Amino acid sequence: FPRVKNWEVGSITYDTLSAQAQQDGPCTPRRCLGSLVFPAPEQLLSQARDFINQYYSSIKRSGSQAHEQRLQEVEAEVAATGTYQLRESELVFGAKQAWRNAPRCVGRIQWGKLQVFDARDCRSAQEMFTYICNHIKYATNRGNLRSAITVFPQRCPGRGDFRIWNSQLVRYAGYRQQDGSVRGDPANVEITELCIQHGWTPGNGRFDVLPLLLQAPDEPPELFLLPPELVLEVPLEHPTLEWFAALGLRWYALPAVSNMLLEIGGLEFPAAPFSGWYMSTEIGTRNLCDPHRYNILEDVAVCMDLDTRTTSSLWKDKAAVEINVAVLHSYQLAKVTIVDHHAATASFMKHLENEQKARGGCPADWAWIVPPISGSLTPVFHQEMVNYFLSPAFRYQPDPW
Amino acid sequence: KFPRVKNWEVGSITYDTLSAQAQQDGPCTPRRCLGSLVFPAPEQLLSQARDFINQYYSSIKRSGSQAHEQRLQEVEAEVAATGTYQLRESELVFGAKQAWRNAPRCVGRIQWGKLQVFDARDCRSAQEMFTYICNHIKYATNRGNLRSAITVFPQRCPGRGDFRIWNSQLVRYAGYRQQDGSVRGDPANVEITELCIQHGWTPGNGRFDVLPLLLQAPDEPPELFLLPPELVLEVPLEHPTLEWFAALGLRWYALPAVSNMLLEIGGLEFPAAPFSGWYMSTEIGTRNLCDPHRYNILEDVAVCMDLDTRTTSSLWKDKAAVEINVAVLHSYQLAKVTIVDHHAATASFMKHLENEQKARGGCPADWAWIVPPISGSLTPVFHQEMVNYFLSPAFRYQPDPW
Ligand code: HEM
Ligand code: HEM
Ligand SMILES: Cc1cc(N)nc2cc(-c3ccc(OC(C)C)c(CN)c3)ccc12
Ligand SMILES: Cc1cc(N)nc2cc(-c3ccc(OC(C)C)c(CN)c3)ccc12
Ligand SMILES: Cc1cc(N)nc2cc(-c3ccc(OC(C)C)c(CN)c3)ccc12
Ligand SMILES: C[C@H](O)[C@H](O)[C@H]1CNc2nc(N)[nH]c(=O)c2N1
Ligand SMILES: [Cl-]
Ligand SMILES: [Cl-]
Ligand SMILES: [Gd]
Ligand SMILES: [Gd]
Ligand SMILES: [Zn+2]
C-alpha cells in the first residue's frame, strides 16, 4: 500500500484503492514511463460481474435483493446473444465512474454532476448528428456550461462501429500552402485534409470551425456542417492592453472530446463524446502558446515591447501570463464558464481528500494534473500521487483510417 | 522492445536502449506508477566493481586490454585480502563525472564533462575536513565566475565510522522557531539550526544567518565549524524597475553545494562527497522564495505590486512570481555571479539529450524534476517524453546521521 506524502503540509496517506487496479500500465521496476502520452468471449462476463457488484455496493444494496437477480440476467444474456445491454441507471453509473477514474483529469471534483444522454437507440449518421446537436446545445446552455456525455450504441461483434472522426466536436481548420507553413490550428491539419477530401469547401483563415465527419456502421463517413449559432465563441480581449483585441484571437466555449472509447462492465462505446468546461491554461498556454499550435507568444511580446533579444528577460513568461489573463477576462465578459488553474487545482486537492475517505485513494497522473504554467504555485505540485487504471474507464483508441 | 520516446513539439522518435542496462529497481510496477515520489556481500561488491572497471576501460577506448584484465584481477584480489578495494585517481575522476552524468533529476548535466574533482581520501580529522571544504568553496565560487567541483572524502570501510557532513548544503540560512509558532529565516533548516545550537553555536536573529558546519569524523561527535564570512559570497536581491523590492532585505548565496548525498562508484560508498555547480534562477525565485513552507514572500510581493489578491483569476500569483524571478536574474547578473535561467537551462538539456542518445543510446531523465516549476510548457523539455531509471555510478540519498 503505497505511502503518499504531501510535502506542503506534511500529511501522509496510503492508497489502498491502487491495490484493485488491473489493466497493467507501462512502467516496470527497471524504468518508469509515466511521462509517455500513449502507454472465446468469456472475459466479457468477468468484467460484467465486477462492474455490477460495485453498482450495488454503491447503493448499499449488495447482498440480498435484485443484486442477486441482476447477476443472472447478464449471465443469461451473454449466454444467448454474446453481448449484453446495460440498464439505464447502470449506464449513468458507469459514465460517472469512468470520469471519476480518469487519472489525467483535474476537474473531477465535479464527477457526480454529469448529464448522460442515452443514444443507444441510434441507427444513422443524421441520427447521430441530431444527437450531437442536442448535446452541444444542452452543454453550452448559452455559456452557463454543464458537463454532458452522449453514449452511442455499443460495438457489436461483427458489423461496424459508430465513430466521430474529429478529436473534438469544435476544432479549427488547418491549411498548408507553398511554404508548408499552416494557416489555422496545426494540430488539426490531417482531419482538415480529410474534410476537403470528403467534399468540404475550405475557408478564409485562422479560425474556421471544422465540419463534423460522422460515421455510422459500415457505410462511410459523411460531412455535417455545424450551425454557426450553436458553436459559441469568445473573442479574446485584454482588460488593459487595448491592442490585444486587434490580434483577432478567438477560442470556442465547449471542450467536447469525441475520439475516446468508453468501457463499462466489459462493453466498448467507440462513440461517446463528453464535454465540460475549460481550464484557462488549456486555452491561453497550450492552444495559443505551444510552438506547434498557434505559436503566438512572440507576437504578443513584440506588442508588449518586451526585450525579445535575451531569454533572461523572461519575456516568454510575461507574455504567457498576459495571454492567460486575456483568456480568463474574455470568457468572463462573455459570461461563459471558465476556471483558472489555481481554483481548479485547489478543488482537485479537495477531491483527493474526499476520495481518500470514500474509496481509499485516487488515481492521478502528476504530470497532467500540475498546470503547464506556475506549476509549483499550485497545491498539487507538492502532492505525491499514484497513477493506475481502474474500470469503468475512458480509453484511447486507434483513429479510423 | 525498447521504450519509444516521442518529442511532441517537433515529432522526433528514438528508443532508449540504455534503460535495458538499468542495474537497479525503482518503485514502479505494471499495476501502479510511483514516479512522483520524492524518495523512491563479497560476490556482489565484486559484480559492481567489475561493471565499473568495464565502464572505465571503455571510456579510455581500452576495453578487453591486458591493462583491463590486470585491473580486474587486482580488484578481485583486493576484496579477497581486505573485503574492499581502492580506486585509482583517474578511475575516481571518471566515476564522479559518471555519477553526475547519470543523475536523473539534474537539468544541468550538459556540463557533466567539466567537473573539478578534489581527492580528499587521505583526510584524517574534522579539522582537515573543514580545510578541504573551505578550499572547495573558494575554488567553486571563484569570485562569482562559478566552477563545478566535487570533493571526495574517505570511502566507507568496515572497522571505522563514516565521515559525514550533517548540513544538507555547505551554505544554508538558519531557521529560528518563534513564539508565534512561526519561523524566522529558512523553515526548511529548523532541524539543523537546533542541532547547531545544541552543539554549542551562538544563534543570530536575522532571516539570512549563514549556518555553521557540523562535521563528523569517524567515530567522533560532530564538530562545529564557522565559515569565514568572506568565503560565503552573497547576492542582495533587487529588481531592475521595482525599487521598493530592494527594501525587502532579501539575499541569496552564490554557491549551491549539496553535502548530504552518497556517492557510489563500483560498489564503494562515499557518504561525504560534497558537490557544487551554479544556480538555476527558478530554484531561488520560485522554490526557495515563493514556496509557502519556505520564505513565502509571494503574497507580500503581489500586495506591493498593487495586484488584486482577493481573487485567483487575476493571476496575481503568476505575475508576482515572474517578477521575483526577474529580480533574481538581474541581481545575480549585477553582482557578476554565474546564474542560468530556466529557458537557457532547458535548451541546453535538450542538447544533452541529443548528445546522450548518440553516445549511450539514451539518457535517464525524471520529467517532473527536469520541467521547471514555472512556465513548464514554455520550455522544450515539457514536450519531450523521458524514461526514468537508475544507472551506476550514482549519487544516492542517505539517512540523516542523527
Ligand atoms: C467540468 C470541468 C472539467 C475540467 C476543468 C476538465 C479538465 C481537464 C484537463 C485540464 C485535462 C488535461 C488534458 C490536457 O491538458 O491535455 C483533462 C483530461 C481529461 N478529462 Fe477532464 N475536465 C472537465 C470535465 C470532464 C468530463 C465531464 C469528463 C468525462 C465525462 C472528463 C474526462 C477527462 C478525460 C477522460 C481526460 C483524459 C483522460 C486521461 O488521459 O486520463 N473531464 N480534463
Ligand atoms: C552547473 C550547474 C548545475 C545546474 C544548473 C543544476 C541544476 C539542477 C537542478 C535545478 C536540480 C533539481 C533542483 C530541484 O529539484 O529543486 C538538480 C538536481 C541534481 N543535480 Fe544538478 N545542477 C548543476 C550541477 C550539478 C553538479 C556539479 C552535480 C554533481 C556533481 C549535480 C548533481 C545533481 C544531483 C545528484 C541532483 C539530484 C538528482 C536526483 O535526485 O536524481 N548537479 N540539478
Ligand atoms: C472534458 C474535458 C474538459 C476539459 N476542460 N479539458 C479536456 C481535455 C481533454 C484532453 C484529453 C487528452 C488530450 O491529449 C491527447 C492528445 C492525449 C488533450 C489535449 N492534449 C485533452 C479531454 C477532456 C477534457
Ligand atoms: C549542484 C546543484 C546545482 C543546482 N543549481 N541545483 C542543485 C539542486 C540539487 C537538489 C537535489 C535534490 C533536491 O531535493 C531532494 C530530492 C533532496 C533539491 C531541492 N528539491 C535540490 C542538488 C544539486 C544542485
Ligand atoms: C512532487 C515534487 C516535484 C518536484 N519537482 N519537486 C518536489 C520537491 C519536494 C520536496 C519537498 C520537501 C523537501 O525537503 C524537506 C526535507 C524539507 C524536498 C527536498 N529538500 C523536496 C516534494 C515533491 C516534489
Ligand atoms: C512529453 C510530455 O509527457 C507531454 O508533452 C505531456 C506532458 N503533460 C501534459 N499535460 C497535459 N495536461 N496535457 C498535455 O498535453 C501534456 N503533455
Ligand atoms: Cl483544447
Ligand atoms: Cl537551493
Ligand atoms: Gd507602440
Ligand atoms: Gd519603477
Ligand atoms: Zn512510473
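Counting convention: from 1, in listed order, for ligands and their atoms alike. These values consider heavy atoms only, across backbone and side chains, with no hydrogens, waters or symmetry-generated copies. Throughout, protein chains are lettered first and strands after them, A, B, ... in sequence-line order, and every chain is numbered starting at 1.
Side-chain atoms of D16(B) and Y389(B) form a donor-acceptor pair, as typed in the model, at a separation below 3.5 Å. When only modelled atom types and interatomic distance are considered, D318(B) and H342(A) share a side-chain donor-acceptor pair under 3.5 Å. Counted by atom type alone, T286(B) and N325(B) present one or more donor-acceptor pairs between their side chains at under 3.5 Å. Of the N and O atoms on the side chains of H136(B) and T151(B), at least one donor lies less than 3.5 Å from an acceptor on the other residue. Side chains of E263(A) and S391(A): a donor on one and an acceptor on the other come within 3.5 Å.
Both tests pass for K5(A) against the ring of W7(A): distance under 6.0 Å to the centre and angle within 45° of the axis.
Regarding atom 7 (C) of ligand 1, its nearest protein heavy-atom neighbour is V106(A) CG1, 4.0 Å. For atom 14 (C) of ligand 1, the closest heavy atom belonging to the protein is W368(A) CZ3, 3.7 Å. Distance from atom 40 (O) of ligand 1 to its nearest protein heavy atom, with residue and atom name: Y396(A) OH, 2.5 Å. Protein heavy atom in closest approach to atom 3 (C) of ligand 1: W277(A) O, 3.6 Å.
Checking each of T378(A), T345(A), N6(A) against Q383(A) for a side-chain hydrogen bond (donor to acceptor under 3.5 Å, both in side chains) leaves exactly one that passes, namely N6(A). Checking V235(B), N288(B), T338(B) one by one against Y279(B), the side-chain contact (heavy atoms from CB on, under 4.5 Å) holds for a single residue, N288(B).
At a heavy-atom cutoff of 4.0 Å, ligand 1 is contacted by the side chain of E282(A) but not by its backbone. Contact annotation for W111(A) and ligand 1: no heavy atom of the residue comes within less than 4.0 Å of the ligand. Residue-level proximity to ligand 1 for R104(A) is carried by backbone and side chain together, each with a heavy atom below 4.0 angstrom. Neither the backbone nor the side chain of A148(A) comes within contact range of ligand 1; no heavy atom lies under 4.0 Å.
For the pair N354(A) and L352(A), the minimum side-chain heavy-atom distance is 4.5 Å or more. When side chains are defined from C-beta on, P379(A) counts as touching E8(A), because their heavy atoms get closer than 4.5 Å. By the 4.5 Å heavy-atom criterion applied to side chains, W251(A) and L288(A) are counted as neighbours.
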Run the side-chain hydrogen bond (donor to acceptor under 3.5 Å, both in side chains) check on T312(B) and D340(A) step by step: do they pass?
-> CA-CA 7 Å; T312(B) 53; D340(A) 76 64; 2.6 Å; yes
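The Zn ion (ligand 11) forms the vertex of an angle spanning SG of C28(B) and SG of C27(A); to the nearest 10 degrees it equals 120°.
Within the listing of ligand 1, atoms 28 (C), 29 (C), 30 (C), 31 (C), 32 (C), 33 (C), 35 (C) sit less than 4.0 angstrom from a heavy atom of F274(A). In summary, the atoms of ligand 1 found under 4.0 Å from a heavy atom of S275(A), numbered by their order in the structure, are 27 (C). Residue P103(A) approaches ligand 1 through these ligand atoms, each under 4.0 Å from one of its heavy atoms: 41 (O). Residue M279(A) has at least one heavy-atom neighbour below 4.0 Å for each of these atoms of ligand 1: 10 (C).
Between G285(B) and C290(B), the shortest heavy-atom contact is O-SG, 3.1 Å.
Among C105(A), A364(A), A343(A), the residue whose heavy atom lies closest to atom 20 (N) of ligand 1 is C105(A). Nearest-heavy-atom check against atom 24 (C) of ligand 1 across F394(A), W99(A), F389(A) picks out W99(A).
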Report every pair formed by an N or O atom of ligand 4 and a protein N or O atom separated by less than 3.5 Å, giving atom names and the distance to 0.1 Å.
| unit_1 | atom_1 | unit_2 | atom_2 | d |
| --- | --- | --- | --- | --- |
| ligand 4 | 5 (N) | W278(B) | O | 2.7 |
| ligand 4 | 5 (N) | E283(B) | OE2 | 2.6 |
| ligand 4 | 6 (N) | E283(B) | OE1 | 2.7 |
| ligand 4 | 6 (N) | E283(B) | OE2 | 3.3 |

